[PDB]
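Report on one structure; see the data block that follows.
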Amino acid sequence: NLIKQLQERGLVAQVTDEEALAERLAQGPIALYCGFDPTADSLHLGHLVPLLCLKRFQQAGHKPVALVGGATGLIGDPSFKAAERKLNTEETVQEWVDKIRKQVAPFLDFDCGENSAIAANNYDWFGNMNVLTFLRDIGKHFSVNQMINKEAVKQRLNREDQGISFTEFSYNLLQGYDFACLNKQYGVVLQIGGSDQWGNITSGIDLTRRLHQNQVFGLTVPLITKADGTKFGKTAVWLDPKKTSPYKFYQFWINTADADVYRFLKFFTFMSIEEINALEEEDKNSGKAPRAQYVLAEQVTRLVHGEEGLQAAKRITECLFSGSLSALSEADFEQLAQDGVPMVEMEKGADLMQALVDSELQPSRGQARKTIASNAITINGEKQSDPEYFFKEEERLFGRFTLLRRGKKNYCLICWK
Amino acid sequence: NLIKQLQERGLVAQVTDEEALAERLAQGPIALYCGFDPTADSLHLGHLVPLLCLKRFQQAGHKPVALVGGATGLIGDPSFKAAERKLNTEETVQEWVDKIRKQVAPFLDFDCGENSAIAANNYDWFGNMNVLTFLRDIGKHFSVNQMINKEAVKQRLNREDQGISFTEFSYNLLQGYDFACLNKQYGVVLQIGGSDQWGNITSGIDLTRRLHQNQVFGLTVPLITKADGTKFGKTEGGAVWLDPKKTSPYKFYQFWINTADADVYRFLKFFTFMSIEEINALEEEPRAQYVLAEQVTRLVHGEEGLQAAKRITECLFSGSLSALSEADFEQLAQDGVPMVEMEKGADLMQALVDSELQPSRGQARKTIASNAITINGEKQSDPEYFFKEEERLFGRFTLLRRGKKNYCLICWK
Ligand SMILES: Nc1ccn([C@@H]2O[C@H](COS(=O)(=O)NC(=O)[C@@H](N)Cc3ccc(O)cc3)[C@@H](O)[C@H]2O)c(=O)n1
Ligand SMILES: Nc1ccn([C@@H]2O[C@H](COS(=O)(=O)NC(=O)[C@@H](N)Cc3ccc(O)cc3)[C@@H](O)[C@H]2O)c(=O)n1
Ligand SMILES: [Cl-]
């Protein structure tokens, strides 16, 4: 029972007619879908949970359809968003569409027979639909009375100053129609998404019933919450390495709290529930701190960034920890400059004293002198006690980088020129 | 000032930026519009007041655009309507568009130089507009918070069972964009309509600022009211239509004759081109109901229509029918007097029973014997009487009267 398995991982927030759906799943393979709107040039961890759920359905023999919102990204989903978003250009949305389609593709199997993945784009049907056709054939089935009371938009109707345009208000109908379209095109009978998408999903179930007279289902995945109450992925943790480096991504998982690590293994990895429970039991019964954060970091970094990406994240982690930077490549230093450690700009010939001031590692030049004399500053992991020390020509790695460290953990990469 | 002249006729319910509109009108000809949606095969008396206002503006040198809602008629205006309307088909709406366009045309001048009237149809811009273009280019300028606060839809936003669909809720944007579209195509700077249209007009004014950076104005006419509080133009038969096949010229003329004294002077101002000074002079007296009937019947049905209405009224008052044509008896059969279809050979007693002028043959006999019945205006007091063939006028009609006023037209099969 796939639904029961997903429930056991904590991956089911809500599900329409659970018995009929589980009966349909047990009968044989179904076609299902999840949509992703292009509101940026990359997906982030928030999007990864339902994307991996598409893969979990596919592993059970079901056929996943990953829709990219070519049309809906030109409209804007207001679902649980406090403010109206500016419209993006057709040109920008198209660029993002191609980037998101290409980022999604490696997470699903496009070559496993009858249940092979499908890439879809709702611009295929909205790009040539007339307004009167939309208002009549689709709009007649929506009650504004019900629409204005939906949890996803109700708060936007409290104050006109923090209101909702007719454009964003119409979004719910567009997503509704997509479900009817995919049902007609591929026999899609299930739509999945994060919990904020419930209302957009249920509109699609109801519309499919009115237009195609078919029974379809919805299933939502919970929005990720931390046990301490703070906002998840607040450092967004992007999937694109040029937005969030494999090193920053790996470190994000390493620093998961003990209260979140087992839930996160369930949500973000393909480890069996038995292996995750064995790992939790081992951490519970070992007289030591948990090791689960290391397993989670390895699993998700390999999944998103491959073995190359995981090996770079570990190599960088190792070199920063050990102090020895000889193993680091220029590409590894580029990850550090991007987002791995705080970084600053400085011209070659600088004394160790002045490097510490602009990096915000020291308040003044007078303080810098005593901190060097106390043998508290390292240059590329080598202890340097001389206050009057100037960096050697071999110390500027790839003629552009030097890693400053004050104490055990305060870093600043200097990007030379 | 044309605005002040409309105000003294009581034709101004609301007007936007009034001092600026008055100054724009005084400077020279403007282009203005009023829209009419196809929800029937004919307009009715409710549509006449804004239609005549387009003519009032054209007489002052302005250029009227009479819009027929080929696209909006496929959507449905919910403004101050208690319930959701069923959608009409594209084929039905198109038939009605052509009928309404043809009905409107004689009221305006399409051949008077620069200010010649224009027939417009919003299907010309919405019939092919892409949904994403409409949602982005138009819908982004509309606040749902403002829309739900429009007076026209407040009664529909409290209970789902007396609710509003997304289709009817979008209507306000279509009418809003028509004003922007006409401003761009023709330099239209004013929209007029009944007072129920205020919210739809103001959305168009706002949208025109947002889209074209142009200042445009709105003016509404009051919804015609009756002093006694009852609905205007609601007769026993229903609405008072402009189409003579729905409401005969005679029935039309009689509706106006029977206007209450408390309404007649106000109605002369709304429905006629008589000067305000003459109406006020007429009030000093009444001839007003006859003047109102003559003016509005001539305006809607022409001189022929008015003459037919007067000739029928006179023949029915006098009982003398020789002046009636077969077309006049057709008006009587349609809606002029009660009518009954009968097989030839029926006796006078049976015609009285079948027409419900009498409850039984026995009673009919006494009523005939009492000299209460006329056949084509001639007394017939023989209770055993059978109609003569010559009494079937045009081989088809025989008008019966019981007492001095109860008519029934027999239409022979
Ligand atoms: N922090 C977050 C952010 C997003 N998500 C989930 O990720 C998925 C993609 O997020 S999204 O791109 O913002 N999605 C939307 O805006 C959806 N309206 C996209 C869409 C769905 C179906 C369709 O027919 C057309 C379009 C959705 O299922 C969200 O619920 C999430 O789970 N947690
Ligand atoms: N009893 C009545 C009935 C109608 N009217 C007035 O007659 C005019 C036509 O009536 S109507 O056909 O119901 N009008 C509508 O539905 C308008 N929404 C038609 C319309 C206007 C502008 C536009 O760009 C597109 C469409 C409108 O101005 C009404 O306010 C009136 O004054 N009294
Ligand atoms: Cl006879």
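All residue names refer to the structure tokens as shown: chains lettered A, B, ... in order, residues numbered from 1 in each chain, ligands numbered from 1 in order.
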Contacts of residue 116 of chain A within 12 Å, only C-alpha atoms, excl. fewer than 3 positions in-chain, as a list in words: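 Listing them by chain and then by number gives residues 29, 30, 31, 32, 54, 55, 57, 58, 59, 61, 62, 63, 64, 65, 66, 105, 108, 109, 110, 111, 112, 113 and 119 of chain A.
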Would you put the residues from that selection into a file with N, CA and C atoms, as a CSV table (one decimal), in the first residue's frame?
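Result file is selection01.csv:
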```csv
chain,number,residue,atom,x,y,z
A,29,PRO,N,-0.9,0.4,-12.7
A,29,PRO,CA,-0.3,1.7,-12.8
A,29,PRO,C,-1.2,2.8,-13.2
A,30,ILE,N,-1.0,4.0,-12.5
A,30,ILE,CA,-1.8,5.2,-12.8
A,30,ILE,C,-0.8,6.2,-13.4
A,31,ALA,N,-1.3,7.3,-13.9
A,31,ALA,CA,-0.5,8.4,-14.4
A,31,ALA,C,-0.8,9.5,-13.4
A,32,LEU,N,0.2,10.3,-12.9
A,32,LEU,CA,0.1,11.3,-12.0
A,32,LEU,C,0.9,12.6,-12.4
A,54,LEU,N,7.2,12.4,-6.8
A,54,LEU,CA,7.0,11.9,-8.2
A,54,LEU,C,7.8,10.7,-8.5
A,55,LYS,N,9.1,10.7,-8.1
A,55,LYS,CA,10.0,9.6,-8.2
A,55,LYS,C,9.6,8.4,-7.4
A,57,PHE,N,6.5,7.6,-6.5
A,57,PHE,CA,5.4,7.0,-7.3
A,57,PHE,C,5.8,6.2,-8.4
A,58,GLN,N,6.8,6.8,-9.2
A,58,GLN,CA,7.4,6.1,-10.4
A,58,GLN,C,8.1,4.7,-10.0
A,59,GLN,N,8.8,4.7,-8.8
A,59,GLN,CA,9.5,3.5,-8.3
A,59,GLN,C,8.5,2.4,-8.0
A,61,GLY,N,5.9,1.8,-9.9
A,61,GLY,CA,5.3,1.5,-11.2
A,61,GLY,C,4.4,2.5,-11.8
A,62,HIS,N,4.1,3.7,-11.1
A,62,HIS,CA,3.3,4.7,-11.7
A,62,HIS,C,4.0,5.6,-12.6
A,63,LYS,N,3.3,6.4,-13.5
A,63,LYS,CA,3.8,7.2,-14.6
A,63,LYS,C,3.8,8.7,-14.2
A,64,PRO,N,4.9,9.4,-13.9
A,64,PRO,CA,4.9,10.8,-13.5
A,64,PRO,C,5.0,11.8,-14.6
A,65,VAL,N,4.2,12.8,-14.5
A,65,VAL,CA,4.2,13.9,-15.4
A,65,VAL,C,4.7,15.1,-14.7
A,66,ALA,N,5.8,15.7,-15.1
A,66,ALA,CA,6.3,16.9,-14.5
A,66,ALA,C,6.0,18.1,-15.3
A,105,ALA,N,14.4,17.1,-15.1
A,105,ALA,CA,14.6,15.9,-15.9
A,105,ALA,C,15.4,14.8,-15.2
A,108,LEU,N,13.8,12.1,-12.6
A,108,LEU,CA,12.8,11.1,-13.1
A,108,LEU,C,13.3,10.3,-14.2
A,109,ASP,N,12.8,9.1,-14.3
A,109,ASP,CA,13.2,8.1,-15.3
A,109,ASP,C,12.4,8.3,-16.6
A,110,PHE,N,13.0,8.8,-17.7
A,110,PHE,CA,12.3,9.0,-18.9
A,110,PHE,C,12.5,7.8,-19.9
A,111,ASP,N,13.0,6.7,-19.3
A,111,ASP,CA,13.3,5.5,-20.1
A,111,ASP,C,13.1,4.2,-19.2
A,112,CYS,N,11.9,3.9,-18.8
A,112,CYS,CA,11.6,2.7,-18.0
A,112,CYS,C,10.3,2.0,-18.4
A,113,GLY,N,10.0,2.1,-19.7
A,113,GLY,CA,8.8,1.5,-20.3
A,113,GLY,C,7.6,2.3,-20.3
A,119,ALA,N,7.4,15.2,-19.7
A,119,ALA,CA,7.6,16.6,-19.5
A,119,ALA,C,6.4,17.4,-20.1
```
Neighbours of chain A in chain B at 6 Å, counting only C-alpha atoms, as JSON, numbers by chain: {"B": [128, 129, 130, 131, 135, 139, 140, 142, 143, 144, 145, 157, 160, 164, 165, 166, 167]}
Could those residues be written to a file, using C-alpha atoms, as a compact mmCIF listing (two decimals), in the first residue's frame?
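Writing done, so here's selection00.txt:
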```txt
# COMPACT_ATOMS: atom_id res chain seq x y z
CA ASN B 128 -10.21 36.51 -30.65
CA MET B 129 -8.39 37.80 -27.56
CA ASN B 130 -6.03 35.22 -25.93
CA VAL B 131 -6.85 34.47 -22.26
CA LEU B 135 -5.43 38.31 -17.71
CA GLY B 139 -6.82 41.80 -15.26
CA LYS B 140 -3.65 43.07 -13.57
CA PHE B 142 -8.25 45.12 -11.36
CA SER B 143 -8.32 44.67 -7.62
CA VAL B 144 -10.56 41.82 -6.41
CA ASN B 145 -10.86 43.72 -3.06
CA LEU B 157 -21.41 37.83 -2.39
CA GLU B 160 -23.26 30.48 -2.43
CA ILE B 164 -21.98 34.56 -8.51
CA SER B 165 -19.85 32.57 -10.97
CA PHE B 166 -16.37 33.56 -12.08
CA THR B 167 -17.95 34.12 -15.56
```
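Within segment 48-224 of chain A, DSSP applied to the backbone places the following residues in strand (DSSP E): residues 63, 64, 65, 66, 67, 68, 118, 119, 120, 121, 188, 189, 190, 191, 192, 193, 194, 217, 218, 219, 220 and 221 of chain A.
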Could you save the residues just selected, with C-alpha atoms, as an mmCIF file, in the first residue's frame?
```cif
data_model
loop_
_atom_site.group_PDB
_atom_site.id
_atom_site.type_symbol
_atom_site.label_atom_id
_atom_site.label_comp_id
_atom_site.auth_asym_id
_atom_site.auth_seq_id
_atom_site.Cartn_x
_atom_site.Cartn_y
_atom_site.Cartn_z
ATOM 1 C CA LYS A 63 3.820 7.220 -14.551
ATOM 2 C CA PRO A 64 4.924 10.773 -13.502
ATOM 3 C CA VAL A 65 4.175 13.916 -15.448
ATOM 4 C CA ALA A 66 6.336 16.892 -14.455
ATOM 5 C CA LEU A 67 4.584 20.020 -15.626
ATOM 6 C CA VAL A 68 6.417 23.335 -15.964
ATOM 7 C CA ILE A 118 6.586 12.935 -19.302
ATOM 8 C CA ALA A 119 7.575 16.628 -19.463
ATOM 9 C CA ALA A 120 4.529 18.923 -19.931
ATOM 10 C CA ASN A 121 3.962 22.681 -20.327
ATOM 11 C CA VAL A 188 -3.644 11.515 -15.338
ATOM 12 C CA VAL A 189 -5.860 10.636 -12.329
ATOM 13 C CA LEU A 190 -3.700 12.063 -9.525
ATOM 14 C CA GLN A 191 -2.146 15.441 -8.840
ATOM 15 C CA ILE A 192 0.401 15.848 -6.052
ATOM 16 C CA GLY A 193 1.992 18.953 -4.545
ATOM 17 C CA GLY A 194 2.968 20.716 -1.320
ATOM 18 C CA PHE A 217 -7.573 12.478 -6.968
ATOM 19 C CA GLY A 218 -5.297 14.799 -5.049
ATOM 20 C CA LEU A 219 -2.501 14.196 -2.521
ATOM 21 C CA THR A 220 -0.442 16.852 -0.776
ATOM 22 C CA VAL A 221 2.963 16.581 0.875
#
```
Surroundings of ligand 1 up to 6 Å, based on only C-alpha atoms and all ligand atoms, as a PyMOL selection string: chain A and resi 34-37+46-47+50+69+72+77+175+178-179+193-197+223
Within 9 Å of ligand 3 (only C-alpha atoms and all ligand atoms), residues as a ChimeraX atom specification: /B:344-348,385-389,391-392
Filtering to C-alpha atoms, could you give me those residues as a short mmCIF file (atom, residue, chain, number, x, y, z; two decimals), in the first residue's frame?
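Result file follows (result_15.cif):
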```
data_model
loop_
_atom_site.label_atom_id
_atom_site.label_comp_id
_atom_site.auth_asym_id
_atom_site.auth_seq_id
_atom_site.Cartn_x
_atom_site.Cartn_y
_atom_site.Cartn_z
CA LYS B 344 -67.06 28.28 -37.97
CA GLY B 345 -70.72 27.27 -37.32
CA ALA B 346 -70.44 27.93 -33.56
CA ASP B 347 -73.54 29.79 -32.32
CA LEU B 348 -73.56 33.16 -30.43
CA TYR B 385 -78.55 33.49 -33.29
CA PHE B 386 -75.83 31.99 -35.56
CA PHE B 387 -73.24 34.37 -37.06
CA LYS B 388 -73.67 35.33 -40.71
CA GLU B 389 -70.70 34.66 -43.01
CA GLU B 391 -69.83 38.93 -39.87
CA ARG B 392 -66.52 36.98 -40.28
#
```
Atom CA of residue 83 of chain B to atom CA of residue 162 of chain B, distance in Å rounded to a single decimal: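 According to the coordinates, atom CA of residue 83 of chain B and atom CA of residue 162 of chain B are separated by 6.1 Å.
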Surroundings of ligand 2 up to 9 Å, based on only C-alpha atoms and all ligand atoms, as an MDAnalysis selection string: chainID B and resid 33:39 43:51 67:73 76:79 121:122 171:172 174:179 182 191:198 200:201 204 220:224 232:233
From B:85, B:9, B:396, B:4, residue lying nearest residue 265 of chain B [only C-alpha atoms]: B:9
Nearest candidate to residue 101 of chain A (options A:42, A:185, A:374, A:338; using only C-alpha atoms):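 When distances to residue 101 of chain A are compared using only C-alpha atoms, the smallest one comes from A:42.
Proximity ranking of B:92, B:148, B:102, B:55 relative to residue 115 of chain B places B:55 first, based on only C-alpha atoms.
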Those in segment 210-361 of chain A with helix (DSSP H, G or I) from DSSP, as a ChimeraX atom specification: /A:210-212,246-254,258-268,273-285,292-322,330-340,352-358
Polymer residues at most 10 Å from residue 255 of chain B, only C-alpha atoms, same-chain spacing of 4 or more positions, as JSON, numbers by chain: {"B": [233, 234, 235, 240, 249, 250, 251, 259, 289, 293]}
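The gap separating atom CA of residue 7 of chain A from atom CA of residue 184 of chain A is 28.9 Å, in Å to one decimal.
Near residue 302 of chain A, within 12 Å and counting only C-alpha atoms, sit residues 107, 239, 246, 247, 249, 250, 253, 268, 269, 270, 295, 296, 297, 298, 306, 307, 308, 309, 310, 311, 312, 313 and 314 of chain A, not including residues fewer than 4 positions from it in the same chain.
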Put those residues in a file: C-alpha atoms, as an mmCIF file, in the first residue's frame.
```
data_model
loop_
_atom_site.group_PDB
_atom_site.id
_atom_site.type_symbol
_atom_site.label_atom_id
_atom_site.label_comp_id
_atom_site.auth_asym_id
_atom_site.auth_seq_id
_atom_site.Cartn_x
_atom_site.Cartn_y
_atom_site.Cartn_z
ATOM 1 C CA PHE A 107 15.228 13.301 -11.020
ATOM 2 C CA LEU A 239 19.413 23.214 -6.527
ATOM 3 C CA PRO A 246 27.635 21.842 -3.513
ATOM 4 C CA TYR A 247 29.759 22.745 -0.412
ATOM 5 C CA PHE A 249 24.411 22.566 0.198
ATOM 6 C CA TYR A 250 26.345 19.753 1.967
ATOM 7 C CA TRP A 253 22.445 19.175 5.764
ATOM 8 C CA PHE A 268 14.703 14.013 1.105
ATOM 9 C CA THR A 269 16.251 10.566 0.547
ATOM 10 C CA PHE A 270 15.320 7.164 -1.010
ATOM 11 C CA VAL A 295 24.187 10.215 6.209
ATOM 12 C CA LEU A 296 21.589 12.874 5.219
ATOM 13 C CA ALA A 297 24.309 15.250 3.881
ATOM 14 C CA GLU A 298 25.909 12.468 1.778
ATOM 15 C CA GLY A 306 26.240 13.744 -8.087
ATOM 16 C CA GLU A 307 29.329 11.922 -6.789
ATOM 17 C CA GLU A 308 31.582 14.731 -8.151
ATOM 18 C CA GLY A 309 29.596 17.336 -6.183
ATOM 19 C CA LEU A 310 29.593 15.260 -2.988
ATOM 20 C CA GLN A 311 33.352 14.643 -3.281
ATOM 21 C CA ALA A 312 34.004 18.416 -3.757
ATOM 22 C CA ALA A 313 31.783 19.258 -0.694
ATOM 23 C CA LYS A 314 33.750 16.734 1.473
#
```
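Atom CA of residue 403 of chain A is positioned 17.2 Å from atom CA of residue 387 of chain A.
Nearest-residue note for residue 173 of chain B: choosing from B:112, B:227, B:268, B:75, the minimum distance belongs to B:75, counting only C-alpha atoms.
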A:155, A:293, A:94, A:115 ranked by distance to residue 82 of chain A, top pick (using only C-alpha atoms):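 Counting only C-alpha atoms, the residue closest to residue 82 of chain A is A:155.
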Shell of 12 Å around residue 19 of chain A, only C-alpha atoms, local chain residues under 6 positions omitted, as a PyMOL selection string: chain A and resi 1-4+25-26+217
Residue neighbourhood residue 256 of chain B, 10 Å, only C-alpha atoms, exclusion window fewer than 4 positions, as a ChimeraX atom specification: /B:233,251-252,260,264,267,288-297
Saved selection, atoms kept: N, CA and C atoms, as a compact mmCIF listing (two decimals), in the first residue's frame:
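Output below, filename again.txt:
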```
# COMPACT_ATOMS: atom_id res chain seq x y z
N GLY B 233 -42.85 49.90 -16.56
CA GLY B 233 -42.88 49.07 -17.77
C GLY B 233 -43.28 47.63 -17.58
N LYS B 251 -51.02 48.46 -28.22
CA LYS B 251 -50.75 48.16 -26.80
C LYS B 251 -49.72 49.16 -26.24
N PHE B 252 -48.72 49.49 -27.06
CA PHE B 252 -47.65 50.45 -26.76
C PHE B 252 -48.26 51.82 -26.46
N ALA B 260 -49.88 57.52 -14.94
CA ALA B 260 -50.42 58.28 -13.81
C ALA B 260 -50.02 59.75 -13.95
N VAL B 264 -46.48 61.41 -15.58
CA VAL B 264 -46.59 61.87 -16.96
C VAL B 264 -45.61 63.00 -17.35
N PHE B 267 -42.10 61.61 -17.31
CA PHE B 267 -41.98 60.73 -18.47
C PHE B 267 -41.84 61.49 -19.78
N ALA B 288 -51.44 65.89 -21.39
CA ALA B 288 -50.10 65.30 -21.23
C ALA B 288 -50.00 63.82 -21.62
N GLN B 289 -50.91 62.96 -21.13
CA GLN B 289 -50.91 61.51 -21.44
C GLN B 289 -51.10 61.24 -22.94
N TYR B 290 -51.93 62.05 -23.62
CA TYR B 290 -52.18 61.96 -25.06
C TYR B 290 -50.94 62.45 -25.80
N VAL B 291 -50.30 63.52 -25.30
CA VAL B 291 -49.07 64.08 -25.88
C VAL B 291 -47.92 63.07 -25.74
N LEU B 292 -47.78 62.45 -24.56
CA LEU B 292 -46.75 61.45 -24.28
C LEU B 292 -46.91 60.22 -25.20
N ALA B 293 -48.15 59.68 -25.28
CA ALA B 293 -48.51 58.55 -26.14
C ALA B 293 -48.21 58.87 -27.60
N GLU B 294 -48.64 60.04 -28.09
CA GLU B 294 -48.40 60.45 -29.48
C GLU B 294 -46.91 60.52 -29.77
N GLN B 295 -46.14 61.22 -28.91
CA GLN B 295 -44.70 61.39 -29.10
C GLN B 295 -43.92 60.07 -29.09
N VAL B 296 -44.08 59.26 -28.03
CA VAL B 296 -43.29 58.02 -27.91
C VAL B 296 -43.70 56.99 -28.97
N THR B 297 -45.01 56.87 -29.29
CA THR B 297 -45.48 55.92 -30.32
C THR B 297 -44.93 56.31 -31.68
```
